[PDB]
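Here's the structure we're looking at; comments come further down.
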Amino acid sequence: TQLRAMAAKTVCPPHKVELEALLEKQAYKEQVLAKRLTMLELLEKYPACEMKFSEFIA
Amino acid sequence: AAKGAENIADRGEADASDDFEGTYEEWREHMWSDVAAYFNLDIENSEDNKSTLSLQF
């Protein structure tokens, strides 16, 4: 849900492709769950993801 | 099933010790469709697109 929300606010096309890549079953297990990759670390990685604070918190 | 089953969608498992949301996700998507085709449905796959929301302060 968090990844989709970020993808939808991303105006960096290759950056949107990457966030969506992470939704696939294998990538999600290996790159998200195995490494405990957080929404915060992805927002820091993607400063032009236009998500806003109040959507983050919620 | 050994009592007269209409098993429309094969069971799904979650291992808390690994990737419970992966499997839960696999079983779910496969699941809606199994029952979809079965009968029919109301949101497919469509959507419901109400990715719901709220924040205002």
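Computed on chain A, the Cα convex hull volume stands at 74 Å³ per residue. Distance from the C-alpha centroid of region A:10-58 to that of region B:42-57: 20 Å, rounded to the whole angstrom.
With +1 assigned to the C-beta of every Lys and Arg and -1 to the C-beta of every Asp and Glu, and no other charges, what is the dipole magnitude of chain B about the Cα centre in debye, to the nearest 20? Present the calculation step by step, with values, prior to reporting the outcome.
Working: 4 positive and 15 negative charges, 61 e Å.
Dipole of chain B, to the nearest 20 debye: 300 debye.
Note on the protein assembly as shown: the alpha carbon radius of gyration divided by the globular reference 2.2 N^0.38 Å gives 1.33.
Taking the Cβ of B:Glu47 as the center, what net charge do the other residues with Cβ under 14 Å away carry, scoring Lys and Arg +1 and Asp and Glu -1?
Residues near B:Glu47 contribute -2 overall.
Full extension of the segment from A:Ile57 to A:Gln31, taken as 0.36 nm per residue of separation minus the current Cα-Cα distance, would add 7.0 nm. Taking a spot 7 Å from the Cα of A:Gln2 along the direction of its beta carbon, which residues of region A:23-51 have an amide N less than 13 Å from it? It comes to A:32-45, nothing else. Computed over the protein assembly as shown, the per-residue total of -39500 (n - 2.57) for DSSP H runs of n ≥ 4 gives a 222 nm mean residue ellipticity of -11500 deg cm²/dmol, rounded to 500. Computed from Cα atoms, the angle from the helix B:20-38 axis to the main principal axis of chain B rounds to 70 degrees. Quick one: grab the alpha carbon gyration tensor of chain B, order the square roots of its eigenvalues as a ≥ b ≥ c, and give me rounded if a/c is under 1.5, else prolate or oblate depending on whether a/b is larger than b/c. Oblate, since a/c reaches 1.5 and b/c is not below a/b.
List the relative contact order of chain A as a percent without decimals, with contacts defined as Cα pairs under 8 Å and 6+ residues apart.
Computed value for chain A: 44 percent relative contact order.
Each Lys or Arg adds one and each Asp or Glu subtracts one; over the other residues with Cβ under 11 Å from the Cβ of B:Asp10, this totals -2.
Where a number appears in this text, it was derived from the coordinates with a stated rule and is not lab data. Positions of Cβ are generated from backbone atoms using ideal geometry, with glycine treated the same way; all protein chains shown enter the neighbour counts.
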